[PDB]
Structure formats: C-alpha cells, structure tokens
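*Asks:* Handing you this structure, nothing more for now.
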Amino acid sequence: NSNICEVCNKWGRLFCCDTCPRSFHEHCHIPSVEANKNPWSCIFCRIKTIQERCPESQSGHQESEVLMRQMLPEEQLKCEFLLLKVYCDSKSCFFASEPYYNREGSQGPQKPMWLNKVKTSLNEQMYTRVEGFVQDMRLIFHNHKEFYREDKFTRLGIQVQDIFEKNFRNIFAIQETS
Ligand SMILES: [Zn+2]
Ligand SMILES: [Zn+2]
Ligand SMILES: [Zn+2]
C-alpha cells in the first residue's frame with residue numbers, strides 16, 4: 001500500500017485498502033473509514049465495482065436525467081466519491097470550512113456554502129436527489145466568484161469548479177459534447 005493518504009498526501013494514521021494500494025486518513029476517506037470490515041475496500045474500489053457489474057452504466061447520459069435521480073445507495077456513493085475528488089485537490093482548502101465575508105465593496109452571499117457542510121449533509125442523508133448535492137457544490141463556487149469580483153482570488157473558484165465539473169462528467173458518465 002501507499003505510505004501517504006490518497007486525499008491530502010500526508011502520512012499519519014492510515015487505513016489501507018485491501019483491493020488496491022491506496023491509503024487514507026480516517027476522516028479523509030468519504031464515508032469515514034468503517035470501524036471493522038476485514039477485508040475493507042475504499043470508495044475508488046467500490047465505484048469500479050459498480051461500473052464492472054453494469055458496463056452499460058458508462059454509456060453517455062444527459063445531465064438533466066442524472067440530476068433528477070433519487071439518492072439510492074449507488075447515487076449516494078457516486079456523490080461521496082465526487083466530493084472526495086474535490087478534497088483531493090489541495091485548493092479545496094479554501095472552500096472546506098465555513099467562510100466569512102467582510103471586504104470593502106462586496107456583500108456576502110445570501111446562502112453561504114462550504115465543503116464540510118456538504119460532507120455533513122451527505123452523511124446525514126439530507127439530499128433526496130442528485131440535484132440537491134450538485135446545486136450545493138456549484139453554489140460554493142458561484143458565491144466565491146460573486147464575492148471576489150475582480151480580485152484575482154476569484155480564479156481559485158474557477159479552478160476548483162473545473163475539478164468538480166470534470167469529475168461530475170466522469171463519475172456520472174455524462175455524454176461527451178463539443
Ligand atoms: Zn488525509
Ligand atoms: Zn481501493
Ligand atoms: Zn447490468
């Protein structure tokens with residue numbers, strides 16, 4: 001197994017996957033690494049299994065159809081993995097914890113949002129459709145772009161949104177377009 005966490009790239013108290021060489025901090029993995037279970041298979045492995053059991057699940061889909069899906073176990077897992085893929089980027093640090101807004105010439109957003117809030121919401125089964133999760137994720141970046149206006153710091157929102165969107169299209173097998 002790897003000797004660093006797949007998500008944050010640090011050593012520490014790591015839990016190792018039995019079916020692949022990845023390792024994780026307990027609360028870096030999503031869902032948090034399960035207490036017992038030997039063998040244990042990480043989220044990367046669980047997602048690959050879904051694909052392998054239903055190869056057709058990789059044919060192209062329309063985003064509008066994906067968003068209206070109910071949050072049954074497989075879609076729950078897919079959103080957990082998509083959230084984890086965002087945390088895998090170091091620039092996620094800016095969007096992880098609760099933000100505050102006090103900048104001359106800007107007013108904070110009406111509905112603040114952050115990664116750890118989305119994480120809690122998924123853990124607590126608060127989303128009934130994929131759309132709920134995707135809306136909160138996209139709101140994180142939209143709030144940031146609107147608040148930071150012409151400051152160059154707005155680019156961090158564009159960057160992390162791009163990671164989100166590329167991974168959304170991969171995980172949910174969105175039909176490729178120009
Ligand atoms: Zn970690
Ligand atoms: Zn694995
Ligand atoms: Zn099948």
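Numbering starts fresh at 1 for the residues of each chain in the structure tokens, the chains themselves are lettered A, B, ... in the order given, and ligands are numbered from 1 as they appear.
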Neighbours of ligand 1 at 6 Å or closer, counting only C-alpha atoms and all ligand atoms: which residues, as a ChimeraX atom specification?
*Replies:* /A:5,7-8,10,24-25,28
*Asks:* Can you pull out every residue with an atom within 9 Å of ligand 2? Use only C-alpha atoms and all ligand atoms and format it as an MDAnalysis selection string.
*Replies:* chainID A and resid 16:23 40:46
*Asks:* Quick one: pick out all alpha helix (DSSP H) residues within region 41-131 of chain A from a backbone DSSP run and write them as a count of residues only.
*Replies:* 46
*Asks:* Determine, for each residue of chain A having at least one atom at most 8 Å from an atom of ligand 3, the closest pair of atoms and their separation in Å to one decimal, counting only C-alpha atoms and all ligand atoms; order by chain and ascending number, as CSV.
*Replies:*
residue,atom,partner,partner_atom_place_in_ligand_line,distance
A:53,CA,ligand 3,1 (Zn),5.9
A:54,CA,ligand 3,1 (Zn),3.8
A:55,CA,ligand 3,1 (Zn),6.5
A:56,CA,ligand 3,1 (Zn),6.7
A:57,CA,ligand 3,1 (Zn),7.9
*Asks:* Keeping N, CA, C and O atoms, export the residues of the selection given above as a PDB file, in the first residue's frame.
*Replies:*
ATOM      1  N   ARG A  53     -19.936  -4.369 -12.651  1.00  0.00           N
ATOM      2  CA  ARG A  53     -21.229  -5.038 -12.619  1.00  0.00           C
ATOM      3  C   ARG A  53     -22.203  -4.575 -13.681  1.00  0.00           C
ATOM      4  O   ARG A  53     -23.031  -5.398 -14.069  1.00  0.00           O
ATOM      5  N   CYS A  54     -22.153  -3.303 -14.128  1.00  0.00           N
ATOM      6  CA  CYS A  54     -23.062  -2.800 -15.148  1.00  0.00           C
ATOM      7  C   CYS A  54     -22.304  -1.947 -16.135  1.00  0.00           C
ATOM      8  O   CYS A  54     -22.309  -0.718 -16.062  1.00  0.00           O
ATOM      9  N   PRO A  55     -21.615  -2.616 -17.115  1.00  0.00           N
ATOM     10  CA  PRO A  55     -20.764  -1.897 -18.069  1.00  0.00           C
ATOM     11  C   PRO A  55     -21.501  -0.795 -18.832  1.00  0.00           C
ATOM     12  O   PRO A  55     -20.891   0.244 -19.164  1.00  0.00           O
ATOM     13  N   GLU A  56     -22.800  -0.990 -19.031  1.00  0.00           N
ATOM     14  CA  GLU A  56     -23.641  -0.037 -19.737  1.00  0.00           C
ATOM     15  C   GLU A  56     -23.820   1.278 -19.016  1.00  0.00           C
ATOM     16  O   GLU A  56     -24.211   2.286 -19.625  1.00  0.00           O
ATOM     17  N   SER A  57     -23.531   1.259 -17.693  1.00  0.00           N
ATOM     18  CA  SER A  57     -23.592   2.462 -16.854  1.00  0.00           C
ATOM     19  C   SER A  57     -22.588   3.508 -17.308  1.00  0.00           C
ATOM     20  O   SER A  57     -22.756   4.674 -16.954  1.00  0.00           O
TER      21      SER A  57
END
*Asks:* Report as JSON lines: every residue of region 10-121 of chain A with an atom at most 8 Å from region 132-146 of chain A, its closest pair of atoms, and their distance in Å to one decimal, counting only C-alpha atoms, with rows sorted by chain and ascending residue number.
*Replies:*
{"residue": "A:67", "atom": "CA", "partner": "A:134", "partner_atom": "CA", "distance": 7.6}
{"residue": "A:79", "atom": "CA", "partner": "A:133", "partner_atom": "CA", "distance": 7.3}
{"residue": "A:95", "atom": "CA", "partner": "A:140", "partner_atom": "CA", "distance": 7.2}
{"residue": "A:109", "atom": "CA", "partner": "A:143", "partner_atom": "CA", "distance": 5.9}
{"residue": "A:112", "atom": "CA", "partner": "A:143", "partner_atom": "CA", "distance": 7.2}
{"residue": "A:113", "atom": "CA", "partner": "A:140", "partner_atom": "CA", "distance": 5.2}
{"residue": "A:114", "atom": "CA", "partner": "A:140", "partner_atom": "CA", "distance": 5.9}
{"residue": "A:115", "atom": "CA", "partner": "A:137", "partner_atom": "CA", "distance": 7.6}
{"residue": "A:118", "atom": "CA", "partner": "A:136", "partner_atom": "CA", "distance": 7.0}
*Asks:* Since we have the selection now, will you write its residues out, keeping N, CA, C and O atoms, as a short mmCIF file (atom, residue, chain, number, x, y, z; two decimals), in the first residue's frame?
*Replies:*
data_model
loop_
_atom_site.label_atom_id
_atom_site.label_comp_id
_atom_site.auth_asym_id
_atom_site.auth_seq_id
_atom_site.Cartn_x
_atom_site.Cartn_y
_atom_site.Cartn_z
N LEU A 67 -29.45 14.53 -12.75
CA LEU A 67 -29.79 15.39 -11.60
C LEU A 67 -31.08 14.97 -10.90
O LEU A 67 -31.28 15.07 -9.69
N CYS A 79 -21.98 10.42 -5.28
CA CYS A 79 -21.80 11.83 -4.80
C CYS A 79 -20.70 11.88 -3.75
O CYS A 79 -19.92 12.86 -3.73
N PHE A 95 -12.26 26.21 0.43
CA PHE A 95 -13.68 26.03 0.36
C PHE A 95 -14.15 25.00 1.43
O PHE A 95 -15.33 24.69 1.45
N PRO A 109 -22.68 36.35 0.38
CA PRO A 109 -23.78 35.65 -0.24
C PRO A 109 -24.95 35.45 0.70
O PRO A 109 -24.81 35.18 1.90
N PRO A 112 -24.54 30.99 2.25
CA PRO A 112 -23.17 30.52 2.27
C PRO A 112 -23.15 28.99 2.16
O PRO A 112 -24.12 28.31 2.60
N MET A 113 -22.06 28.43 1.63
CA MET A 113 -21.93 27.00 1.46
C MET A 113 -20.45 26.64 1.48
O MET A 113 -19.60 27.43 1.01
N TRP A 114 -20.13 25.45 1.94
CA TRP A 114 -18.79 25.01 2.08
C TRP A 114 -18.71 23.50 2.05
O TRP A 114 -19.74 22.83 2.30
N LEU A 115 -17.53 22.97 1.77
CA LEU A 115 -17.36 21.50 1.55
C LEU A 115 -17.77 20.71 2.77
O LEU A 115 -18.47 19.67 2.67
N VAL A 118 -21.43 20.28 3.03
CA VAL A 118 -21.91 19.27 2.05
C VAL A 118 -21.57 17.88 2.55
O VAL A 118 -22.43 16.94 2.46
#
*Asks:* Near residue 129 (chain A), counting only C-alpha atoms, which residues have an atom at most 8 Å away, once you skip same-chain residues fewer than 5 positions from it, shown as a PyMOL selection string?
*Replies:* chain A and resi 67-71
*Asks:* Convert the current residue selection to file output with N, CA, C and O atoms, as a compact mmCIF listing (two decimals), in the first residue's frame.
*Replies:*
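Generated file (part_19.txt):
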# COMPACT_ATOMS: atom_id res chain seq x y z
N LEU A 67 -29.45 14.53 -12.75
CA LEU A 67 -29.79 15.39 -11.60
C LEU A 67 -31.08 14.97 -10.90
O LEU A 67 -31.28 15.07 -9.69
N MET A 68 -32.05 14.46 -11.72
CA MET A 68 -33.34 14.05 -11.14
C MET A 68 -33.34 12.70 -10.47
O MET A 68 -34.34 12.33 -9.80
N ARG A 69 -32.20 11.98 -10.50
CA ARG A 69 -32.14 10.67 -9.84
C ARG A 69 -32.31 10.80 -8.35
O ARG A 69 -31.60 11.59 -7.73
N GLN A 70 -33.11 9.90 -7.76
CA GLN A 70 -33.16 9.79 -6.35
C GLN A 70 -31.82 9.29 -5.79
O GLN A 70 -31.13 8.46 -6.38
N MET A 71 -31.54 9.70 -4.56
CA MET A 71 -30.34 9.28 -3.85
C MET A 71 -30.36 7.86 -3.24
O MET A 71 -30.22 7.69 -2.06
*Asks:* For a quick check of understanding, using only C-alpha atoms, which of A:36, A:62, A:120, A:90 has the smallest distance to residue 177 (chain A)?
*Replies:*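 Distance minimum relative to residue 177 (chain A) lands on A:62.
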*Asks:* If I take CA of residue 38 (chain A) and CA of residue 124 (chain A), how far is one from the other in Å, to one decimal?
*Replies:*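 Computed distance, CA of residue 38 (chain A) to CA of residue 124 (chain A), equals 24.9 Å.
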*Asks:* For the atom pair CA of residue 59 (chain A) and CA of residue 77 (chain A), what is the interatomic distance in Å to one decimal place?
*Replies:*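 These two atoms are separated by 18.7 Å.
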*Asks:* So the first atom is CA of residue 61 (chain A) and the second is CA of residue 84 (chain A); what is the distance between them in Å, to one decimal place?
*Replies:*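 Those two atoms sit 21.8 Å apart.
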*Asks:* If you run DSSP on the backbone, which residues of region 11-146 of chain A are strand (DSSP E or B), as an MDAnalysis selection string?
*Replies:* chainID A and resid 14:16 23:25 61 70 129
